[PDB]
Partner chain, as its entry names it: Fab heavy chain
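Just one chain is shown here, as structure tokens, and it is the form deposited without its partner chain.
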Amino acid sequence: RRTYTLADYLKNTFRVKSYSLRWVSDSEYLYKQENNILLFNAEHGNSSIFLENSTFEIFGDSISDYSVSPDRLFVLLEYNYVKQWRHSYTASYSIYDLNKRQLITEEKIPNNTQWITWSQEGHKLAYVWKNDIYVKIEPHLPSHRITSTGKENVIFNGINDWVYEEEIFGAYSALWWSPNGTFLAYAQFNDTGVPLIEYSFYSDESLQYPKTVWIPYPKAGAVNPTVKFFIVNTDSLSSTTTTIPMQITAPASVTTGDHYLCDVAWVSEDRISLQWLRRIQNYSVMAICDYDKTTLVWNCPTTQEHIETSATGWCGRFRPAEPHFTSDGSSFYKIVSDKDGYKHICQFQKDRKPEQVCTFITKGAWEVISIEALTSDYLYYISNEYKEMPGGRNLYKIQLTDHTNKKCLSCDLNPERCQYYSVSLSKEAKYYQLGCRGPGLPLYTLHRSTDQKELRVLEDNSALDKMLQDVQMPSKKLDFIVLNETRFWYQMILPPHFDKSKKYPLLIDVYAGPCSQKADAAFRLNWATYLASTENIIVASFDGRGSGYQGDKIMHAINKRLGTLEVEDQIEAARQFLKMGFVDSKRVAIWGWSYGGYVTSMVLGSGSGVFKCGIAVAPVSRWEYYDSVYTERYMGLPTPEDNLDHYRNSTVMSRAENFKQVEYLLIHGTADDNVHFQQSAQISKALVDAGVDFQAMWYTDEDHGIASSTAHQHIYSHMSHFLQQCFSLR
């Protein structure tokens, strides 16, 4: 009869396993086992050593990661990893020759690389160092410098600047090898007119004078970085001191004013697909470009233009979805909202057709989460269609030649244990591995695409299961309440022997940002687990308006006015929970991180009287402080000629007064390059001028995630005690 301690959480007492494989072909994959990379034969467990407990130990214990060339001939050894922003980071590398069985030592690779990657084919390498792109046709050979315009915080070649890395692409990389590795496409960013944000860094107590970090960061309405797209021919390198990359210029309907590069996708090797977006993400264009053999130039004829548009809000969930072309690149499938506002799959022809560019292959009041693979006859995707649960994830498949032949491949398997699947098909969809993140303990299995014969079970958390037997785990209800005649899903983490007649304190876990989803069928062991299993607190989340994957009617509901409906609906959800009975209305709280911290703060400052206390970590206090790409996507420009008013209305400080009726805890990281601290600093100041007492806590040199070990532990313990004090427990 043991509970789930805060220590169980902080020390990670109960490890949850998984099976992260790396398809190397249509029939074999790689898998790390006891610091050994093994090659597995999907079909017969037939295994085999690929890299030993050994190898990795040479470069000390600093071996951050590894990357096997596609032709399985060499292996990249990452080490001396140094983080920088969400995805950026710099490591040192070593190429290990599998065949010759030793480390290539000749033409090494810069001891401070910002990015590196093999071609899709052989053993070609492209890496960015000092903001410049370099190429090595083969591992033993010398580097060919592709660019030289590179310069810190000014010119980025092959890597994204801060805002692009964070809001557009999602990674540091801005390189794209064409299939058959003939070309190498890359983007270039000029951060010149972009303003700077400059926070302090204290470092070891031995540093006598604190450093200062500057970053070209564009806040709402500020001048943004600029782009340029190039494609350099890899094959000529050996016969020149320099090659002259060819530039593609965004489509006219985008060049008139500020705009961004949305996504890159190689169709074939003489055809590439680029997606562009206007600064006001109202409009989007996806041009298809062909390589002219004669004049050695790329053409992006307006006939292959393709326009995406939204009269309700913005394009895509967080940006236009990616296209998936056929072999002959004659057509492509892409997820777009249908006549009803439901993100579905439809076909396109390379050449645009007058208001008929699409033919939907999917219909219904549910949405396609993502396209997973496109065979010559099949299109495997993932949707939240099954059991009308927008919070669930299942793997479907449609026969191209017959859109009727639609079959779910995960819906049966374990309806009880699994309702949230993650997938991963082999190079040519011959086999497919399934990741059950579903309600119960995560379950990984691999099947044979043909008949779905579950070849075997790769990982069932039997171990974690035996362990959790001696612990009083909490439960998780995932249902939905209905407001103004609409389904609105929510979830609750119920403490152990939860008795519907007694009354418990309630903690609302918030996010509620555009296209967010907190109510789902995924298994987790987090802080909320400890809060229910040991403090008997009910932790609930509610996906209200402007959220999830339930159509644009719900998502675009927030458009041009954040800090409105999503906040309100969060309060309503609490009301409703109270009406369910088992909630001690005298002890109801709410917390959130980043966007969630904003809503938390906006709820606490609404004076609805419904909440006692709350905690906001790295909150946003007013949209002018946040970056352009994100903010503007929903708020437009902060100008009288546009949406300045809603900007100035959705301020947290403008609600300082109402905080007198609440115990508030504001937490922020000192080195937060994302949500600047200026944000919380502006809040504390607002409350101080209002004469409202509250509790604060800064985390010296912590990121936007306050995730260093010691900090992570400290911030959760401190938040626990805050709730304990607030709920009269502790």
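We call the rigid core whatever largest set of C-alpha positions still superposes within 1.5 Å between the two forms. Residues that one form lacks are left out of the comparison. Positions refer to the first chain, counted from 1.
From this point on, the text means the form solved in complex with its partner chain, which you will not see here.
Participant: My question is simply whether residue 102 lines the interface with its partner chain in the deposited complex - judged by any non-hydrogen atom within 4.5 Å.
Facilitator: Taking the distances in the deposited complex, the answer for residue 102 is yes, it comes within 4.5 Å of its partner chain.
Participant: May I ask you to check whether residue 169 falls inside a 4.5 Å heavy atom distance of its partner chain in the deposited complex?
Facilitator: Contact check for residue 169: no, nothing within 4.5 Å of its partner chain in the deposited complex.
Participant: Flag residue 26 as yes or no: does it have a non-hydrogen atom within 4.5 angstroms of any non-hydrogen atom of its partner chain in the deposited complex?
Facilitator: Answer no; every heavy atom of residue 26 is more than 4.5 Å from its partner chain in the deposited complex.
Participant: Against its partner chain in the deposited complex, would residue 55 count as a contact residue? Criterion: heavy atoms within 4.5 Å.
Facilitator: Yes, residue 55 is a contact residue.
Participant: Name the residue from 31, 66, 50, 59 that puts a heavy atom within 4.5 Å of its partner chain in the deposited complex.
Facilitator: Selected residue: 59.
Participant: Please tell me which of 523, 85, 96, 177 lies within 4.5 Å of its partner chain in the deposited complex, judged by heavy atoms.
Facilitator: Here the answer is residue option 96.
Participant: Which single stretch, out of 102-110, 462-470, 244-252, 295-303, brings residue heavy atoms within 4.5 Å of its partner chain in the deposited complex?
Facilitator: Contact-bearing stretch, as computed: 102-110.
Participant: Which residue, 26, 689, 65, 43, is displaced 2 Å or more at the Cα between the shown form and the other one after superposing the core?
Facilitator: Spelled out, the residue whose C-alpha shifts by 2 Å or more is 43.
Participant: Superposing on the rigid core, I want to see if residue 501 changes position between the shown form and the other one - specifically a Cα shift of 2 Å or more.
Facilitator: Stays below the 2 Å threshold, so no.
Participant: For residue 241, decide whether the Cα shift between the shown form and the other one is 2 Å or greater, given a superposition on the rigid core.
Facilitator: Comparing forms between the shown form and the other one, the residue 241 CA shifts at least 2 Å.
Participant: Tell me, which consecutive runs of three or more residues change place between the shown form and the other one by 2 Å or more at the CA, with the core overlaid?
Facilitator: After superposition, residues 43-45, 238-242 shift as runs.
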